[PDB]
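Reviewing the structure listed below.
Derivation of every value follows stated rules applied to the coordinates shown; laboratory data play no part. So basically every Cβ, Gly included, is an ideal-geometry build from the backbone, and we count neighbours across all protein chains shown.
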Amino acid sequence: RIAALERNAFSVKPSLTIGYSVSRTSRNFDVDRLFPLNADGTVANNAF
Amino acid sequence: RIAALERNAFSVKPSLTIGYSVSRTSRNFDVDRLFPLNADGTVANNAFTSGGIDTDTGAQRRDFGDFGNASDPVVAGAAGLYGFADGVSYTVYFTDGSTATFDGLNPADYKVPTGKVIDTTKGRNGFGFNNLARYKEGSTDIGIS
Amino acid sequence: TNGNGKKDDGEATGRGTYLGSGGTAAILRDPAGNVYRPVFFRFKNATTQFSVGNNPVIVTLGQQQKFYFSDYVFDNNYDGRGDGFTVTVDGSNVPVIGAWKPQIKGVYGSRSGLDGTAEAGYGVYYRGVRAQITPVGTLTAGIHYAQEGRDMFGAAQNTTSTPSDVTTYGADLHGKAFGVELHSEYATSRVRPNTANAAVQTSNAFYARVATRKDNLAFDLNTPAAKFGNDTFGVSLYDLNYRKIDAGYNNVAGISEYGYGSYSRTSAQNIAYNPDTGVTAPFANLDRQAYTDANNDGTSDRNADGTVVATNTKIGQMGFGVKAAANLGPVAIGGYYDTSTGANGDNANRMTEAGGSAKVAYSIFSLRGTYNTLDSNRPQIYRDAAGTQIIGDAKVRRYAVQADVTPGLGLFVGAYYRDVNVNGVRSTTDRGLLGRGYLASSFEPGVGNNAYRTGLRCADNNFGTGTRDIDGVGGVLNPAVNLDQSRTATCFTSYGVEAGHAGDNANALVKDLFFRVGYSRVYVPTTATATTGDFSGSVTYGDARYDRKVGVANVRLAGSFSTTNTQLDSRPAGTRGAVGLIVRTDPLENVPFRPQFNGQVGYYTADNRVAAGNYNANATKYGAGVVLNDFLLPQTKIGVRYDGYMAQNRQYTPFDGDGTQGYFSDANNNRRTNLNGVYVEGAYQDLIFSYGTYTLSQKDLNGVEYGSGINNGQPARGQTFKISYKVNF
Amino acid sequence: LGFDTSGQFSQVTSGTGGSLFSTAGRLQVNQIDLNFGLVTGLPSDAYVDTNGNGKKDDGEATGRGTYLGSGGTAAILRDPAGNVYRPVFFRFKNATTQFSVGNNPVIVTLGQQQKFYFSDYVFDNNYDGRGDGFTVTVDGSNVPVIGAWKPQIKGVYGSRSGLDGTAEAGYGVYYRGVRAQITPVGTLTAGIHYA
Ligand SMILES: [Ca+2]
Ligand SMILES: [Ca+2]
Ligand SMILES: [Ca+2]
Ligand SMILES: [Ca+2]
Ligand SMILES: [Ca+2]
Ligand SMILES: [Ca+2]
Ligand SMILES: [Ca+2]
Ligand SMILES: [Ca+2]
Ligand SMILES: [Ca+2]
């Protein structure tokens, strides 16, 4: 009986996000060209 | 505890359809009048019946065409091959951008309603023949509900 | 949007407001293949009543209350009236009066609940109460009071024809006591019109019967109400009634849903019982008809088809009737009488019918006599001698003598002699005038069954006058239609003889064989409107039917014949015949594969001697089909089907929107039809392939094809290929 | 928030059908790929496809612009006392279009964009497909006399691109073909075909 109930069941998965951010710039330019390059050829991760 | 859970449960019943169909016809006519009649008075089933049975209005499966994607009702008189096929009709081109449908065989028998005049330029003296061919292009349909 | 519960013109469709909820247009989707559809909550409540409490007192609160006080008073059990409540008090359990089963009902409500200012039920409320006891036997007596009127808001903004108030009360007595069934009812009404300072209109109804009633609430008139003696020496009474219905009594005066007019003006003209609208009143409010002249050209108006246009005025009804019988061993006799007029008693609306019968039946023989009479001074709609519909007086006199013999087995033979004399002159047909009454009765052939059943036996040993069919060859290929049991219901002036057979009887010479053959001579006057004449007409007809199972094949064949020199009903003169045959076989397990065959064939010819010009009509229909239940692959089967139809001077009239089905009929259109095709179907496992090609051609004489409709000389054509596959989760 | 069901709904079985005759049901089981579940909002990438081409042409309304309150920052469907309402949608995506019935020798496939390949220069359409139709394959590996040659016959029918407008190249265009094949000696495979 439990197996049949689980077959017709919905898995509720709520989500929640939280975070603060502020950013100012006189002109918009790129800074990903300053970060180190990994062995696979991708730049290092950063928050900006 | 299980009985309470089943009381507040939803039975999910998905559905799926699949099938291919192509149909061509020069003129739409009925073929349900050719099939054998069962002992209870109903014609034998077939895969080409676009028949709407309606006991309220007296409609039957032999009163509608079956060869296009449309269920064109048969028409009595010489216009519809004496009840054997869909009837001929014309469209009437009036002045000031209005049109009307004439459901006969001869366009020389149409009465012009008062307050309107036909535009001779469009069509054959304002009468445009309505084509009778019906086409259902070959395609397979998958329906999910 | 308007709340009426119907889809008016202009209201938006469901899929047009919620895009992506269905259809092919406006699919709400997402790149990477996602498709979104809104989720809806669907519900439907079929319950509107809520009964609280237990015996004795039960109270019901509902939304469209159905209730029924009596036949002529406050009967609203078909669709209901409106929003309110109903209380029922049952006093079966009580010390002193528990044996009489008292019962009290109470009703309150508002017509239709919320209504617009222009609707009849705006600010209109009803109320009522009914008492009841059952003193002796089934005999139930009761009294009731009813009321319906406008409130202070309804009386000022209703802008309709609803009366200011209606007050109705009465009594009834229904049941069976001391072996006698008795029904009666009295009712009085007072209607005050909506107009200013108008007089109160009083109208009352009354009737009193001695007859049996069914649970359907319709009177039987075939089972005696009061008997005496036994089957040897017995006298039974079937009906004895008196009625008086006022001219101003209708649904409004009775606070009912549907009025008390005649159900039909041609059959049972005095009876108001309407199964369609749920009216159970036994007697009607009669109509007097007259010619109509709207444009005032000096000539009475007629419809497009030649039918007269009549104007109806409401007269009451007041008369009496009787119907009895007497069994004296082998000899049985009967009789009836019935008269009616307007409520005022004037003789200018009198309709009187009377008649009798007789019967003697010893061993297999039989003999019957009959007499009938109609003296309708009341104007009635019927066709004249020439054939033009008229309105006026009518007098009919009919007498018939019928002999019978049943020499055993399924055999039967019967001769008859009938005579109809309308308006003082011999006539071919009675023009339906004898059907206006409701008490006409006749016996039935046989020994031991001396019941005096209602209805003239004008449809016994007659021929058939059918003209319409659905199979296309006259009904010989239709298993659901028995060609030998088709008999016309009109009363002719003829004498003939008929012999037949019935294979459904327990004793029969040949099982499952039905056939008949007859010969009658109809009376035709010298001219259309002459007085003298002779039996110039002549009819010879024969039918057959035989169902059998030989081996694995179920064989059925039928036939028919006819030849006349006069037109009868809607069937023209000239000969006519049709034959058919249907064969079906079970699968043959003894041969390779498992084939089961099918087949049918039909032929129909008719030489019509119509006045406009003699023409000939033909028909031919055939079929064949083989199904191989086990093909080469283990789970594969295939089937084929061939059909055809060749007609000549025949047509098909499509269905009428009123409720009448279509049919095939003869027509002098001078056109030959040829419709045929093939139908191939094969299945692998559960995958079905369907193919079919057909061709219809209709060319007139001298060979001018009309099939395509564009006058190119080509016939119509059609083709379809379909692959089907049904899956379940 | 999102509702996700289990994966038990990934298999279907056949049913009875036919007009001249009735077949036995539950003769085949077909594996399908359905991923469906309830969602409480629409992504910014959604749109309303009115012409049926499967692409977001210019002018077609966005998904969030037709169902207000289904996402984004503008047009929040709320209620004082803090309640916020979002419509509930049913999301699904089928990655299966073919349905193979039967077992060896004869296998029949019904699909929506049929991929097939006869030879290099003839009737090679195994990249994107042609249209709506069916394909039948007969394999004669097990047969008394010619079982060692591994015969095989293919059959193809279809309508190019299925439903098309009057201006598209696939309007009223149908194809058909058949191919035979044997492997007499070694790997050497000979065959003939028609298109
Ligand atoms: Ca049809
Ligand atoms: Ca409405
Ligand atoms: Ca009301
Ligand atoms: Ca209402
Ligand atoms: Ca009723
Ligand atoms: Ca006139
Ligand atoms: Ca698009
Ligand atoms: Ca396409
Ligand atoms: Ca195409």
- Taking a cut-off of 22 Å between Cα atoms, list the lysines near D:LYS55, but don't count ones fewer than 8 places away on the same chain. D:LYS93
- Return the long-range amide H neighbours of C:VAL678 (sequence gap of 5 or more, or a different chain), with a cut-off of under 5 Å between placed amide H atoms. C:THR693
- On the formula 1/(1 + (r/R0)^6), with r taken between the Cβ atoms of D:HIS193 and B:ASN130 and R0 of 60 Å, the FRET efficiency rounded to 0.05 is 0.85
- Message: Would the stretch C:570-729 count as rounded, prolate or oblate if I go by the C-alpha gyration tensor, calling it rounded below 1.5 in a/c and otherwise prolate when a/b exceeds b/c, oblate otherwise?
- Response: prolate
- Query: What is the magnitude of the charge dipole of the stretch D:33-132 about its Cα centre, with +1 placed on the Cβ of each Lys and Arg, -1 on the Cβ of each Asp and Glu, and no other charges, expressed in debye to the nearest 20?
  - Reply: 440
- Query: Which chymotrypsin sites (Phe, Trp or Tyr not before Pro) in the stretch C:573-629 pass both tests, a DSSP loop state and at most 16 other beta-carbon atoms within 10 Å?
  - Reply: C:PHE593
- Note on the structure: Check: C-alpha center the stretch C:462-499 vs C-alpha center the stretch C:57-112, spacing in Å is 51
- Any idea which of B:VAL75, D:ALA195, C:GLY432 is furthest toward the positive side of the dipole for the protein assembly as shown, if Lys and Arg beta-carbons carry +1 and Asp and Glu beta-carbons -1? D:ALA195
- Message: I'd like the Karplus ³J(HN,Hα) series for the stretch C:58-75: coefficients 6.51, -1.76, 1.60, θ = phi - 60°, whole numbers in Hz, and an x wherever there's a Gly or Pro.
- Response: 10, 10, 10, 10, x, 10, 9, 7, 9, 8, 7, 8, 7, 5, 9, 10, 6, 9
- Query: Among the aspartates and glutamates, which fall within straight-line cross-link reach of D:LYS56, defined as a Cα-Cα distance under 20 Å, with same-chain neighbours fewer than 8 residues apart omitted?
  - Reply: C:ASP30, D:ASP45, D:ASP164, D:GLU168
- List every residue whose amide H lies under 5 Å from the amide H of C:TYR615, counting only residues 5 or more places away in sequence or on a different chain, with H placed 1.01 Å from N in the peptide plane. C:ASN608, C:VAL610
- How large is the dipole of chain A about the Cα centre if only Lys and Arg carry +1 and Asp and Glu carry -1, each at its Cβ, rounded to the nearest 20 debye? 260
- Given Cβ charges of +1 for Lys and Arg and -1 for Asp and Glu, the option among A:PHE35, C:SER538, B:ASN8 whose Cα lies farthest towards the positive end of the dipole of the protein assembly as shown is B:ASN8
- Note on the structure: Ordering D:161-174, B:87-100, B:4-17 by per-residue average of other C-beta atoms within 10 angstrom, highest first, gives B:87-100, D:161-174, B:4-17
- If we count other beta carbons within 10 Å of each Cβ, what is the order of C:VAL39, D:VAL39, D:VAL178, fewest first? C:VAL39, D:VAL178, D:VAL39
- Message: For a quick check: sort C:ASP471, B:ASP109 by the number of other beta carbons within 10 angstrom, fewest at the front.
- Response: B:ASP109, C:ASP471
- Item | In order through the stretch C:364-378: 3J(HN,Hα) via Karplus (6.51 cos²θ - 1.76 cosθ + 1.60), integer Hz, x for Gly, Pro | 8, 6, 7, 6, 9, x, 8, 7, 9, 6, 9, 10, 6, 5, 5
- Query: Along the charge dipole of the protein assembly as shown, Cβ charges K/R +1 and D/E -1, which of C:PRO31, C:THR162, C:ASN507 sits furthest on the positive end?
  - Reply: C:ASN507
- Message: Once you place label points 7 Å from the Cα toward the Cβ at C:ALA528 and C:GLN157, how far apart are they in nm?
- Response: 6.3
- Query: Residue-wise, which Karplus ³J(HN,Hα) couplings in Hz belong to the stretch C:687-692, taking 6.51 cos²θ - 1.76 cosθ + 1.60, θ = phi - 60°, and x for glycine or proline?
  - Reply: 9, 10, 9, 10, 9, x
- Query: So how many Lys-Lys pairs in the stretch C:1-115 land under 21 Å Cα to Cα, not counting same-chain pairs under 8 apart?
  - Reply: 4
- Check B:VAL31: other-chain or 5+ apart residues with amide H under 5 Å from its amide H, H built from backbone geometry? B:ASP66
- Query: At a Förster radius of 56 Å, what calculated FRET efficiency corresponds to the Cβ-Cβ distance of D:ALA61 and C:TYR691, to the nearest 0.05?
  - Reply: 0.85
- Query: When we measure straight from the Cα of C:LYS621, which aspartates and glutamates land under 14 angstrom away, once same-chain ones fewer than 8 places off are left out?
  - Reply: B:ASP32, C:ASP469, C:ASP471, C:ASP643
- Zero-based 10 Å bins, Cα pair distances in chain C, whole percents: 2, 10, 15, 17, 18, 18, 15, 5, 1, 0
- What length, rounded to one decimal in nm, is gained on full extension from C:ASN197 through to C:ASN347, with 0.36 nm per residue of separation minus their alpha-carbon distance? 50.5 nm
- The relative contact order of the stretch C:207-323, taking Cα pairs under 8 Å that sit 6 or more residues apart, comes to a percentage of 25
- Task: Please give the calculated 222 nm ellipticity per residue for the protein assembly as shown, where each DSSP H segment of at least 4 residues contributes -39500 (n - 2.57) and the sum is spread over every residue; nearest 500 deg cm²/dmol?
- Result: -500 deg cm²/dmol
- Most exposed to least, judged by fewest other Cβ atoms within 10 Å, A:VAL43, C:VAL87 sort to A:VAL43, C:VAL87
- Item | Nearest-20 debye value, the protein assembly as shown charge dipole, Cβ charges on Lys, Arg, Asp, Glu | 1140
- What FRET efficiency do you get for D:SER6 and D:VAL84 if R0 is 30 Å and r is their Cβ-Cβ distance, rounded to the nearest 0.05? 0.55
- Shielding by partners, peptide B:129-135 (average Cβ within 10 angstrom, other chains): 2
- In nm, give the distance between the simple-model label positions of C:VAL89 and C:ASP504, each being 7 Å from the Cα along the Cα-to-Cβ direction. 5.5
